[PDB]
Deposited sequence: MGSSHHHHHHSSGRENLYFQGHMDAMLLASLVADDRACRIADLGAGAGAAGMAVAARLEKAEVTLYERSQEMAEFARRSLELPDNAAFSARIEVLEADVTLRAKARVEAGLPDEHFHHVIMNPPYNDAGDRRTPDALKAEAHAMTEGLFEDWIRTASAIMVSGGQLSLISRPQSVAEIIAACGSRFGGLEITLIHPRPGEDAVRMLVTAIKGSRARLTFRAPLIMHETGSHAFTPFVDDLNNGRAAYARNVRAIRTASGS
């Protein structure tokens, strides 16, 4: 569900360039492209092995509808400056950068996300709730207007995931959005809104 929920944060019906910094073989960036016909998506992978795996995944007839709009690049997303540009992570280029790092990397990855982002572009990420301090510190002097949306399995239960979006250069203080509850009490199905997100039928937009 992580990749679908992450992808749903790109609430943008304009032609845009999106970078998916990992981790995965591109499932989130692929979900974005499947939904947004005008999205241009770049999947970054550190290793040749992972890049080749993502590439073979994109050669499946199953993905033919959107695969032309996706490119897989081998790049270490923790690189800096000249090394970063030379690795194919260009300055001030992307309208969106999305990430789900493995379970820290937030400082390195958000530093890169800021550098490769156009002015006012949107950072989107999903994590565990316990990463919140690391994430806020990593956004310092880079991204503001953070919107944090906790994800709870059902009423009364602790949060299991956390969505965060932010805007490069924004001065706005952070806000916690109303939480997303995955199920009603006593119900096996997902709640209507979460179900639409999970199936690519809807985006989850920022307040403004």
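No C-alpha positions are given in the record for the deposited-sequence stretches 1 to 22, 126 to 146, 252 to 260.
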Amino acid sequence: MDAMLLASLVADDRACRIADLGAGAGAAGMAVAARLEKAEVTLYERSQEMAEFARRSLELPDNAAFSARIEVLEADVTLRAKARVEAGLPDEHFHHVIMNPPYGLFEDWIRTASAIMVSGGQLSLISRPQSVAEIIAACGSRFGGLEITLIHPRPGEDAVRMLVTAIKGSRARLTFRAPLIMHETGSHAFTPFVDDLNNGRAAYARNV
From here on, numbers count along this sequence of modelled residues.
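For the pair 60 to 68 and 146 to 154, the record assigns the higher mean C-alpha temperature factor to 60 to 68. Ranked by Cα temperature factor within the chain, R14 sits in the highest third according to the deposited record. In the deposited entry, the Cα temperature factor of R35 places it in the middle third of its chain's modelled residues. Sorting the modelled residues of the chain by their CA temperature factor places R128 in the middle third. Per the deposited record, the Cα B-factor of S47 falls in the highest third when ranked against the other modelled residues of its chain. For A81, the recorded CA temperature factor ranks within the highest third of the chain's modelled residues.
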